[PDB]
Each structure stands twice: as structure tokens, then as C-alpha cells.
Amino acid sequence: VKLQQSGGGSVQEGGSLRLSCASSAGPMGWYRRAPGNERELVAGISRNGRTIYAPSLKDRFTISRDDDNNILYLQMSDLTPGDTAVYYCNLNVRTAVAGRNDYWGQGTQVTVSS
């Protein structure tokens, strides 16, 4: 299993991005890590679609999963440099044959220019 990410990069302040994470099931989540800081959960989604957000990010970030195409998305709006970070998707599964597995995307740099 591999998670492949897209949709980030440089973006002007006030702009918006839609990150994608394609798993080439289980709960998934988006995390971010800014330079010199620890990882933080931005949003997660259960197999059945229940969502959880970092309280302070809920108003600008939305997580969704496309089950027809197998794509996880993070819509992020009204950005500032406070949102500059590497963003990572995660898929954490528990199956019958293999047991537990934990998969991460390669990371997507988002750089908001002010």
C-alpha cells in the first residue's frame, strides 16, 4: 500500500487549496508539521464518515473521502503563513489476515506567501 499526495505548494495569503491523498477500509487523517513544532492533527474521518477536527481549524478546514475513487481530500481556506507546514495523510487499518497496519503519505509542503 502507498499513499500519494497532491494539491499543495505555494499559495497566496487568503487563498485556498484542496489536498488529495490517493491510496493505491479504515479511518484516515490529515496532520501537519511546521518547522520547529510537533505534529498536529488537523482532521480525521472514520470508515463510516464520522469526522473530527482540531477545534481551532474547524471553521477553515474540511475533510472528506471519495469512496468511488478512493481519494481523501482536505479543503483548506482563508490561509495565512500560520498554515505553512508539511501536510501528511494517514490511513490506519486493522484486518483479519494482516492485523494492524499504519500507512503515511510522503508529505506535501504548503507555503503561504504574505
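All residue numbers refer to positions in the sequence shown, first residue = 1.
Q: With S24 and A25 adjacent in the shown sequence, let me know how many deposited residues between them lack coordinates: none, 1 to 3, 4 to 9, or 10 or more.
A: Going from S24 to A25, the model skips 4 to 9 residues of the deposited sequence.
Q: Mean CA B-factor: is it higher for 10-18 or for 90-98?
A: The deposited B-factors put 90-98 ahead on the C-alpha mean.
Q: Tell me which of 66-74 and 25-33 has the higher mean C-alpha B-factor in the deposited entry.
A: It is 66-74 that shows the higher mean C-alpha B-factor.
Q: Ordered by C-alpha B-factor within the chain, which third holds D83? Give me lowest, middle or highest, please.
A: CA B-factor rank for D83: lowest third.
Q: How does the C-alpha B factor of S56 compare with the rest of the chain: lowest, middle or highest third?
A: Answer is highest: the recorded C-alpha B-factor places it there.
Q: Would you check the entry's CA temperature factor for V112 and let me know if it's in the chain's lowest, middle or highest third?
A: Middle third - that is where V112 ends up once the chain's C-alpha B-factors are sorted.
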